[PDB]
């Protein structure tokens, strides 16, 4: 008997990564972008995309030769073998989805409360935060597959709303409000925000952890990554220009929960405000459905077992059911211990260390996968610099959030050495070799 997985086409994989990227930036941290970057936000999204494309250079080179549902972990193991670092990075990869759920949790509430006229409490937000995570945990048992089939349709609808937001957003604008502020008292904020908005291009995760469930992976994994980054880059900027141009920046800081919902009111009314708020929840729900069922489930099973099943359903929690509750538990927890700006900082920090190890892997395997050494040196220094800029900012901005970021990297390394002593779990070439 030979089983076969249901496999994704190029555009299915693109829609998947685009949906996750959009849900994490357009409807999640756009209100954070107003407070820090301000009018430099459209320039921020470009600069953020630059780092991503540098990361993509290593991913697309490694993903062209190495096929695995392990993703980065596969590449990393091929370079540095099995050890405590490889295992920490696997748990770190799982944690990247965990904290992502916290970011999607906050975003969902930001657009939901103003829709039904509810005050912005620490408690009234928290009710939605626990609730929405509980809804997607319960979805595992009846609806996870059905929502996953709708994801492609939802992404398009969410895109079409944004596609009308630009075409009809470039009408009653303030071209004197979109002019890039060149004064270094607000320029450094653009570069500091680009360290946070690195997460805006988190498409690497969902794609690489589904690489064995994608048609012609050696070809379509690189392409999906490359196409995904270039699409959202145009979407971010085109919406960023419109949002700043139609609304005063001080009104955007106080509407940090819903940045675009209030932005639609002046030039589309409450009917246009209704269309944004509805299409927001749908976009964040489908992004989370993708993160839990396709990413978190895969990341957890690999971190726990040391390998992955050859044949599994992507759109359910296919193995180790306790992992679903644990992932959901920390998903709510992070959305409580930290704020909208707090969650985003951690998420971006986790990803950068994964990418840094991906770049380091590309360096080591450059004989096998190919590439230009001097570009493989360049992006490494860039990402590290951006990673340091995020730590530098957080230390001089938020004490409470700064230590939360530091604790993560230690707590992951502690858990690894402990877990490796208890279970003796090893990682092997099983991840990418066959048969």
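Positions refer to the first chain, counted from 1.
Higher-scoring stretch by recorded Cα B factor average, 43-51 or 62-70: That would be 43-51.
Stretch with the greater mean C-alpha B-factor as recorded in the entry, comparing 212-220 against 148-156: Here the higher of the two C-alpha B-factor means belongs to 148-156.
Options 319, 362, 265, 315 - largest CA temperature factor per the record: That would be 265, according to the entry.
Top Cα B factor in the deposited entry, candidates 114, 295, 306, 323: Comparing C-alpha B-factors across 114, 295, 306, 323, the top value belongs to 114.
Entry-reported Cα temperature factor of residue 81, expressed as the chain third it lands in: According to the entry, residue 81 has a C-alpha B-factor in the chain's lowest third.
Among modelled residues of the same chain, the CA temperature factor third for residue 138: Residue 138: CA B-factor falls in the middle third of its chain.
Ranked against its chain, the third holding the CA B-factor of residue 376: Middle third by C-alpha B-factor.
Where the record places residue 87 (Cα B-factor, split into thirds across the chain): Lowest third - that is where residue 87 ends up once the chain's C-alpha B-factors are sorted.
For residue 169, the third of its chain into which the C-alpha B factor falls: Residue 169: CA B-factor falls in the highest third of its chain.
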